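Asker: Just the structure for this:
(chains A and B, ligands or ions: 3)
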Amino acid sequence: XXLXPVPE
Amino acid sequence: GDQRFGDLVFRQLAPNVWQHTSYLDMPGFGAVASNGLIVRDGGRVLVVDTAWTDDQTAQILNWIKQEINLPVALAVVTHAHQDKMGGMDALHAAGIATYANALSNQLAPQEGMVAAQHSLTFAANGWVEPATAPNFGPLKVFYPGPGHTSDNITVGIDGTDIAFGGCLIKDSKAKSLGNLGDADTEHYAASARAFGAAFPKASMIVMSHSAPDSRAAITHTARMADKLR
Ligand SMILES: [Zn+2]
Ligand SMILES: [Zn+2]
Ligand SMILES: [Zn+2]
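Answerer: Numbers count the residues shown, from 1 in each chain, chains lettered A, B, ... in the order given. Ligands and ions are numbered 1, 2, ... in the order given. Coordinates below:
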């Protein structure tokens, strides 16, 4: 989900 | 020396500079911090980066009204990801002029972000074209080259020890650069080193996902990036 350092 | 205000944290870094921190709780992964800057420049406030959300960004504006009580003249956002540009609608609803890299504004729709009102452009040496950044006061905007993203920009605060690397720079103790999926692994090291060379007097390096660090954060980021080439 493009949540900064989390790619989801 | 941290101040909590609802779900937000402010830490004074200098007489006229605060770090804002907002959190996104991911079920099973935990709360993820994102840091930006608030700068008091005479009779106005300048913001670097939104919070993750409009609601969180509104709470930053409430804290500024309560603790500083000066108008926010402008915000600059350092690339087109949720942690840096999630709150653009809250800034716009407050009548705040917003600035981003022209490339951030071009990528914004594809990234699900709202574009800034104004586009910054850069010389071949990475320094912002002054006419695209009018009245930025102590904010010195530098495009170091592609790394974390192709559009990532950085900001030094003139007259302070502070330079903001945003998501480009990792702390001096980081085990990795994190997710390299949409990174520019070829140019990352040189971009990290350019940020260092642009702000040689910065001894406090502020970054999106760690506490403020020494210039060792820059060297460590560059040396991790050297192993990708
Ligand atoms: Zn980030
Ligand atoms: Zn990012
Ligand atoms: Zn993307």
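Asker: tell me the phi and psi of residue B:205?
Answerer: phi -100, psi 110 (degrees, to the nearest 10).
Asker: pretty sure it is in contact with residue B:221, am I right?
Answerer: No: counting by CB atoms under 8 Å, residue B:205 stays clear of residue B:221, with 9.3 Å between them. No exception for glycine: its C-beta is placed from N, CA and C like everyone else's.
Asker: the more surrounded of the two?
Answerer: A direct count of neighbours by other CB atoms under 10 Å in any protein chain shown for residue B:205 and residue B:221 places residue B:221 higher, at 30 against 26.
Asker: Can you find the residue of chain B that comes nearest to ligand 1?
Answerer: In chain B, the residue that lies nearest ligand 1 is residue B:167 (3.5 Å; CB to the ion).
Asker: Which residues of chain B lie near ligand 1?
Answerer: Within chain B, the residues that sit near ligand 1 (CB under 5 Å from the ion) are B:83, B:167, B:208.
Asker: wait, residue B:203 sits on residue B:214?
Answerer: Yes: assessed by CB under 8 Å, residue B:203 is found in contact with residue B:214 at 6.8 Å.
Asker: Which one of the residues in chain B is closest to ligand 2?
Answerer: residue B:81 (3.3 Å).
Asker: Do I have it right that that residue meets residue B:166?
Answerer: No: contact criterion CB under 8 Å: residue B:81 and residue B:166 do not qualify, at 9.6 Å.
Asker: Which of the three states applies to residue B:98?
Answerer: Assigned with DSSP: H, G, I helix; E, B strand; the rest coil, residue B:98 falls in the strand class.
Asker: Cheers, nothing more for now.
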